[PDB]
């Protein structure tokens, strides 16, 4: 998208050479923000073809509070295969913290539910937050949350959301994350009878892996196409009752996809 490609170009021009956890090496910048008015269309890249099936199921997976890949397998999504153990468990990652943040006094807090309640009863609240960064359980996670913290905001009947992503693989992960949260905002907005507002993306360590250079330059030479449209065929009783069939994307005509190795 225009914002996406400019960020990608920015990492190449200003990025600094860093040695990472994987030993692959990256080019990175620290601190960046981009806004997406969801009224203009669904922020799904067009300079690269994205598998919408994987994005929708992972989000529905998160909302269930599931941390076992069994569910993703039944739907043919193998994006979390590398980090899962023999049983398909990942530890108390994303979903677990969203749906059941464990407190020291034995209780469990459902952040998504409180957020829905805040949106409906106290939309002006400045504390409408969901955090996946549970310091007490990071050690038990197969991987620390990349998209770790997000906040909702309501103004003029429009629902906005800002995401703080501490670590970001610009080529492989970013376009997946943007679509994922944009989708959530739509689901939230529908359940709370609000209009969609802006999706603000804020990143920490924003990088481009050294073995993605060629693919990046390839994508950078492509002209972005008009943004698609997200259609939701029905309104479920709750935000936990959505299904894959409920979502329809229209006007999505992307350039052919680009293959690239994943850094584990």
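Positions refer to the first chain, counted from 1.
- Two stretches are in play, 136-144 and 109-117, and the higher mean C-alpha B-factor belongs to 136-144.
- The stretch with the higher mean CA B factor, choosing between 77-85 and 126-134, is 77-85.
- The PDB entry assigns the greatest CA B-factor among 165, 97, 180, 103 to 103.
- Of the residues listed, 34, 45, 231, 63, the entry assigns the biggest Cα temperature factor to 231.
- When all modelled residues of the chain are sorted by CA temperature factor, residue 219 is found within the middle third.
- Among the modelled residues of its chain, residue 59 has a C-alpha B-factor that falls in the middle third, as given in the PDB entry.
- Sorting the modelled residues of the chain by their CA temperature factor places residue 198 in the middle third.
- Split the chain's modelled residues into thirds by C-alpha temperature factor. Residue 67 is in the highest one.
- For residue 50, the recorded CA temperature factor ranks within the highest third of the chain's modelled residues.
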